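Novice: First the structure, which I've put down as structure tokens, then a few questions once you've had a look.
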Amino acid sequence: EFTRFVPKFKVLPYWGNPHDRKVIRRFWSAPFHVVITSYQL
DNA sequence: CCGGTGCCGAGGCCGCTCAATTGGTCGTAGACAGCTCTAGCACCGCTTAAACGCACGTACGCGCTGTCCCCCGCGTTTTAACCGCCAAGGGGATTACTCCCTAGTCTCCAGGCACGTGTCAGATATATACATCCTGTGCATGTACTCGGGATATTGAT
């Protein structure tokens, strides 16, 4: 829905293997427009 | 006054929902099998020569074998400082994160010393005659163990 509704907003998903998620967290640690994460995460 | 009963609060059950673990498959590349001489070379076959290893007596000590006496071990007692357990304060080693940096890869370069061969000569095995230094034996004596009695600590209980 974000990748199609508007070609402006940038998503930075946060759900997956500890490695990928840690890398994503390190990234912004600014294009972090929107973030997608689960309740448990 | 006490007691039945609704309301609320808590404990018990069950179940996913999700995040972390571990054996299975793909794949490619440097290194275990495996000739191929070769190569000269150790290993084998075939001889003798000398000596050490082996066996038989036989002399001759150093281990087993029998008898008295106390000194050390056994066994008891009480009691006390130590072992073991418990508990609390707090410091520091642990765990996780970001940032820096030098290990690791490989590439290129090149001159120093491992490494082999060739030459030759003097240090070392070896045999024989010479001889004297070390070794078994015998024996005097004195440094050291032992017994006894008087100093100086050296601990424990008021």
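All residue names refer to the structure tokens as shown: chains lettered A, B, ... in order, residues numbered from 1 in each chain, ligands numbered from 1 in order.
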Residues of chain A within 12 Å of chain B, using only C-alpha atoms (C1' of nucleotides), as an MDAnalysis selection string?
Specialist: chainID A and resid 15:18 22 25:26 29 38:41
Novice: Give me, as a ChimeraX atom specification, all polymer residues having an atom no more than 10 Å from residue A:13, counting only C-alpha atoms (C1' of nucleotides) and skipping those fewer than 6 positions away in the same chain.
Specialist: /A:20-21,24-25,32,34-38
Novice: Quick one: write out the picked residues with N, CA and C atoms as a short mmCIF file (atom, residue, chain, number, x, y, z; two decimals), in the first residue's frame?
Specialist:
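Once written, out_18.cif looks like this:
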data_model
loop_
_atom_site.label_atom_id
_atom_site.label_comp_id
_atom_site.auth_asym_id
_atom_site.auth_seq_id
_atom_site.Cartn_x
_atom_site.Cartn_y
_atom_site.Cartn_z
N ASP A 20 19.18 -9.19 9.46
CA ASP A 20 18.54 -8.14 8.67
C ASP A 20 17.94 -7.04 9.54
N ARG A 21 17.20 -7.43 10.58
CA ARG A 21 16.58 -6.43 11.46
C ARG A 21 17.65 -5.57 12.14
N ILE A 24 18.95 -3.10 9.65
CA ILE A 24 17.98 -2.03 9.40
C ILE A 24 17.99 -1.04 10.55
N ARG A 25 18.02 -1.54 11.79
CA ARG A 25 18.08 -0.65 12.95
C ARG A 25 19.35 0.19 12.94
N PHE A 32 14.17 7.58 6.90
CA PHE A 32 13.30 6.66 7.62
C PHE A 32 11.89 7.22 7.75
N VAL A 34 8.58 5.90 7.01
CA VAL A 34 7.64 5.03 7.70
C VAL A 34 8.33 3.72 8.04
N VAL A 35 7.91 3.11 9.15
CA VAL A 35 8.46 1.85 9.63
C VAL A 35 7.32 0.88 9.87
N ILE A 36 7.52 -0.38 9.48
CA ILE A 36 6.53 -1.44 9.66
C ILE A 36 7.12 -2.48 10.61
N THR A 37 6.41 -2.75 11.71
CA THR A 37 6.87 -3.72 12.69
C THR A 37 5.66 -4.40 13.33
N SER A 38 5.87 -5.62 13.80
CA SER A 38 4.82 -6.38 14.47
C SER A 38 4.72 -5.97 15.94
#
Novice: Give me, as an mmCIF file with N, CA, C and O atoms, in the first residue's frame, the residues of stretch 2-39 of chain A that a backbone DSSP run labels alpha helix (DSSP H).
Specialist:
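Result file states-v9.cif:
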data_model
loop_
_atom_site.group_PDB
_atom_site.id
_atom_site.type_symbol
_atom_site.label_atom_id
_atom_site.label_comp_id
_atom_site.auth_asym_id
_atom_site.auth_seq_id
_atom_site.Cartn_x
_atom_site.Cartn_y
_atom_site.Cartn_z
ATOM 1 N N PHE A 2 1.969 1.244 0.739
ATOM 2 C CA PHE A 2 2.873 2.392 0.665
ATOM 3 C C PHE A 2 3.625 2.427 -0.659
ATOM 4 O O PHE A 2 3.797 3.500 -1.250
ATOM 5 N N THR A 3 4.085 1.275 -1.144
ATOM 6 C CA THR A 3 4.834 1.265 -2.398
ATOM 7 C C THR A 3 3.971 1.572 -3.617
ATOM 8 O O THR A 3 4.518 1.668 -4.722
ATOM 9 N N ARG A 4 2.660 1.724 -3.455
ATOM 10 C CA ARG A 4 1.796 1.993 -4.600
ATOM 11 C C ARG A 4 0.950 3.249 -4.452
ATOM 12 O O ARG A 4 0.688 3.913 -5.457
ATOM 13 N N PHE A 5 0.512 3.592 -3.237
ATOM 14 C CA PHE A 5 -0.363 4.748 -3.062
ATOM 15 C C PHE A 5 0.359 6.048 -3.394
ATOM 16 O O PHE A 5 -0.212 6.933 -4.040
ATOM 17 N N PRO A 18 17.204 -11.919 12.791
ATOM 18 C CA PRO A 18 17.957 -10.989 13.645
ATOM 19 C C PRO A 18 18.999 -10.166 12.901
ATOM 20 O O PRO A 18 19.207 -8.989 13.209
ATOM 21 N N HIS A 19 19.654 -10.779 11.915
ATOM 22 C CA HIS A 19 20.686 -10.085 11.152
ATOM 23 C C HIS A 19 20.102 -8.904 10.384
ATOM 24 O O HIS A 19 20.522 -7.755 10.571
ATOM 25 N N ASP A 20 19.182 -9.187 9.457
ATOM 26 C CA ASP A 20 18.538 -8.142 8.666
ATOM 27 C C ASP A 20 17.939 -7.044 9.540
ATOM 28 O O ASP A 20 18.108 -5.851 9.259
ATOM 29 N N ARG A 21 17.195 -7.428 10.582
ATOM 30 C CA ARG A 21 16.584 -6.431 11.459
ATOM 31 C C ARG A 21 17.646 -5.567 12.138
ATOM 32 O O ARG A 21 17.492 -4.344 12.233
ATOM 33 N N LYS A 22 18.711 -6.189 12.653
ATOM 34 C CA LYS A 22 19.783 -5.422 13.279
ATOM 35 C C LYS A 22 20.407 -4.445 12.292
ATOM 36 O O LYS A 22 20.707 -3.298 12.645
ATOM 37 N N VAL A 23 20.614 -4.884 11.047
ATOM 38 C CA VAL A 23 21.180 -4.004 10.027
ATOM 39 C C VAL A 23 20.251 -2.827 9.763
ATOM 40 O O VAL A 23 20.693 -1.675 9.658
ATOM 41 N N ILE A 24 18.949 -3.099 9.647
ATOM 42 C CA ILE A 24 17.979 -2.034 9.405
ATOM 43 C C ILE A 24 17.989 -1.036 10.554
ATOM 44 O O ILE A 24 17.956 0.183 10.339
ATOM 45 N N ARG A 25 18.023 -1.535 11.792
ATOM 46 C CA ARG A 25 18.078 -0.648 12.951
ATOM 47 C C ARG A 25 19.347 0.193 12.936
ATOM 48 O O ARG A 25 19.316 1.386 13.262
ATOM 49 N N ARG A 26 20.476 -0.418 12.570
ATOM 50 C CA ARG A 26 21.736 0.314 12.491
ATOM 51 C C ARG A 26 21.672 1.419 11.445
ATOM 52 O O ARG A 26 22.239 2.500 11.641
ATOM 53 N N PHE A 27 21.015 1.149 10.312
ATOM 54 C CA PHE A 27 20.887 2.103 9.213
ATOM 55 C C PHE A 27 20.532 3.511 9.680
ATOM 56 O O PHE A 27 21.333 4.437 9.512
ATOM 57 N N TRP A 28 19.344 3.696 10.265
ATOM 58 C CA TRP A 28 18.969 5.037 10.704
ATOM 59 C C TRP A 28 19.779 5.479 11.917
ATOM 60 O O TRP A 28 19.977 6.682 12.121
#
Novice: Have a look at atom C1' of residue B:28 and atom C1' of residue B:104 and let me know their distance in Å, one decimal.
Specialist: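 So the two atoms, atom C1' of residue B:28 and atom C1' of residue B:104, lie 22.6 Å apart.
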